[PDB]
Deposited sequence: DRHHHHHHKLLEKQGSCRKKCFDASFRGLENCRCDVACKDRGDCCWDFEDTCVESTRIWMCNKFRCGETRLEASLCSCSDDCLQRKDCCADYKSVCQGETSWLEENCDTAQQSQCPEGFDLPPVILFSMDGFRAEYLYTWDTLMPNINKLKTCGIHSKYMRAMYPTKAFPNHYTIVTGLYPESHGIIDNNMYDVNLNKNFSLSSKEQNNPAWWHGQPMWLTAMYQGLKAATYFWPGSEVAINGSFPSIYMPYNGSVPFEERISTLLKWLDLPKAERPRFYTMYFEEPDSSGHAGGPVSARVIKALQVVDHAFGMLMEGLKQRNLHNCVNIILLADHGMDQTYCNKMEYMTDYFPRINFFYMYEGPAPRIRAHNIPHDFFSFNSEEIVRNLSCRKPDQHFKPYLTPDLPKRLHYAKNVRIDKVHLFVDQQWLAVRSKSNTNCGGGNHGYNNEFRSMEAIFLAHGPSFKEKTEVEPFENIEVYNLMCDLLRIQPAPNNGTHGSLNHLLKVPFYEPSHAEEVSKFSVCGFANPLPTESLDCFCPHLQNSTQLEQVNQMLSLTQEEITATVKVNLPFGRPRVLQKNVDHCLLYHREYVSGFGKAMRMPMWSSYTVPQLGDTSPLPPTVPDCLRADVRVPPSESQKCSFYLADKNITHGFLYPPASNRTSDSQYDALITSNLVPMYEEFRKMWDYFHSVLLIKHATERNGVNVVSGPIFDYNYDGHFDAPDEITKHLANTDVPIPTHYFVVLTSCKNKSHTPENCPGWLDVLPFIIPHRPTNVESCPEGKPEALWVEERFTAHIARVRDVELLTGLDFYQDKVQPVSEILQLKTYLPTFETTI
């Protein structure tokens, strides 16, 4: 015989007197199968032909003995390797066993698994590829900025932007605590850094036990509590050991068995850093993680759990390649740099060197000014954080330093040329960069099968996981219901938000104005001319219904602000919502048709403004306000030169269509409406436009209350916007116009900062054709971002399921 079932038996002589004792290795008389049967069998996580039926040993990590199933310690592939059962991988695409009344949730993260890995190398990852084929598969998942591990892992489990959850980078300083946060320090375990409610506490608070294996934050007594089970972090733990512990937890008695699980792997992030995203090291790491993931599914199948668990496989961010010849140096821009401290790399920040003493005295403004437009080809742009694109939601936290550098693809910004941290993979860049996109795959009885879904953001996963466990989520930044199309039977059915402030009436009464408002239009020097022109503002009921049909084709925006007095101004070519206290419109809606001639609109007739007879002078702007205010002029919300009849431009040359605009912004503003808007209308077969002011002086992402607004027009109460929004909405099916679209819509939203100079664009002396469109593109945002910043709610009259409208409102155009 051989060593099968005779390991370490010195008294045993088999064929040709071969021996199976520990000393046979030296004497050189071992039976042929000794090493694999008796030595390597205690160092591996897999059964094989040598091990099946084996006699139990001591130091074995798992068992292939005939009693392992009753003892509950079989290796994961025992049944398929030893019992001839079909592996999970060999099974076709798709049930809970006894005691698993409800399906547990596994949240599985593979650090640095970028969406392109799954596109190019899927055939090198058969287990992951099987998950993608059989379950639900998003084109990619968008991370939050900056695309770092701790900020995004904690976003995933809280539903919160970093500015809200507190972990705004892997390295940061908090002047209030006067402490430093870093991944190698014990300060990261101070619960004071961790705000919000992570998913394992949401479950625990609502009666469901939670086990975490190495998830960021799970080793912290957040809000005073650890997870039910958690593991002190140690990256050296083999992945198979982690998977085996997860399967053991699923073997706990029902009364002790967690319902929510998290799992974390350092790969392919670690190999991405070492070798770059296209490298043998990443390829090998991708095969390793795929092997360990398969181990999990095989072990689930051994327990008949493969189709009972709702598993989500995703990642925190992607990976890009860096170069030592693509580095920007602060020494190139400052003669002395020893007075400030720099968080370096793909998403740098600059703060005072002497902290906490000079933290707030630091002249962040001068730093950003001296870094602006210094070279024509400089590969980063400095920002004060309130000036960053609003879709990043990266400003409202004292831990976010005011000075920020937004760095171009594959570049790095460092202090000095001494820096050698280059040549490998890195991340942290703009979350819209393709290289920073992450994967999201799910599978389970609650998910749809064999379904590909559009991209979505990692802030949406928290609500989804609460829906999977049928519990209520803590308040977060997801849009609940936006991921219902992932689910067979949604747990949460969304509904339209009900309007808070009802609209008033601004009907047409007297054709002459009680007050001139200090506005002048010599073209109407007589009174007969005025009465006729203003009469054009009088629309019949039939004319009101016609303009609403074309220019409000999805229904008016609803006001979710409280105690806001507003009325609707009907015109033939546009409808607006006038904010009485504000003395300017909250929104203006109009639909731009497709035209053959792409002739840019001509300039508005100048020197002609008059009052709105429908709006009383107490609630109207005065043209003298703008003359008085030397630092700001007036702009038009609805473009008057886009008139489609002989004298309809008069309908736009009224005080009710005026908004405060710095001269330099209005140049940008008018170019967009005169040139770019027309192109968008011709490409989209017409486009509906809704535009208006945004006030966010505390840069918290929410509309300001009137008493939060700190800048006003001249000596009046008329506020100056911080931003203007422009939402372009057309029919996804280009065969239809925006007003005759029975299917899905297609949106392109802008949130353009209203700044007194164009230094963000470094015009330098170039025509607007060479930088305006670039500036607007940099400030694309979601509709929901506009809703949050305005207190408005869109598309409520679009006949379509709410959850599909929620998909539309979370969509981010990318380029």
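- Missing from the model, relative to the deposited sequence, are the ranges 1-14, 109-113, 835-838.
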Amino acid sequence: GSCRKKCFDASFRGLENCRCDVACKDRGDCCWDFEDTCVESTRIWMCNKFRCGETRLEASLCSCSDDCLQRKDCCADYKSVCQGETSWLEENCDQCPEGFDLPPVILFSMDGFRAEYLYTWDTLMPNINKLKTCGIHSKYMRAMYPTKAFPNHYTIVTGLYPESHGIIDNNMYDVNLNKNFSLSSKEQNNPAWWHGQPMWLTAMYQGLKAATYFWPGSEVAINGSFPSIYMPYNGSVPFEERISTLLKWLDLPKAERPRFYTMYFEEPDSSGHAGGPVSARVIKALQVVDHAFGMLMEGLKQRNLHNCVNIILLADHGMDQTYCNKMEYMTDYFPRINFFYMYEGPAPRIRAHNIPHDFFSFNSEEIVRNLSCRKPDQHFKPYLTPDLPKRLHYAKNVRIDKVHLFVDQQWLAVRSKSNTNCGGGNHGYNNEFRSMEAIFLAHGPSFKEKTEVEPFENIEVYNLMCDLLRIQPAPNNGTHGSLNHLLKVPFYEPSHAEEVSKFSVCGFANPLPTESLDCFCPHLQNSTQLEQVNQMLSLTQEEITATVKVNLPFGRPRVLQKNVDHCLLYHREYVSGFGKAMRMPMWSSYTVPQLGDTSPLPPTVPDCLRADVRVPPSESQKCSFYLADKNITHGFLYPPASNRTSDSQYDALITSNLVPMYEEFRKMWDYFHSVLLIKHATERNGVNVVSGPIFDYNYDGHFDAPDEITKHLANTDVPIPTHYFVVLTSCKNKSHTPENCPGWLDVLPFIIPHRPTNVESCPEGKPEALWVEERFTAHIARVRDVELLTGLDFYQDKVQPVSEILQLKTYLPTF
From here on, numbers count along this sequence of modelled residues.
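- In this entry, the higher average B-factor at the C-alpha atoms falls on 14-22, of the pair 14-22 and 788-796.
- Mean C-alpha B-factor is higher over 610-618 than over the other stretch, the pair under comparison being 691-699 and 610-618.
- Comparing the listed residues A781, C68, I752, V759, the entry records the largest Cα B-factor for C68.
- Highest C-alpha temperature factor among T722, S588, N477, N631, as the PDB entry reports it: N631.
- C38: CA B factor in the highest third of modelled residues in this chain (values from the PDB entry).
- Remark: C52 belongs to the highest third of its chain, ranked by C-alpha B-factor as recorded.
- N310 sits in the lowest third of its chain by CA B factor, as recorded in the PDB entry.
- Per the deposited record, the Cα B-factor of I355 falls in the middle third when ranked against the other modelled residues of its chain.
- The entry lists a Cα temperature factor for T814 that places it in the middle third of the chain's modelled residues.
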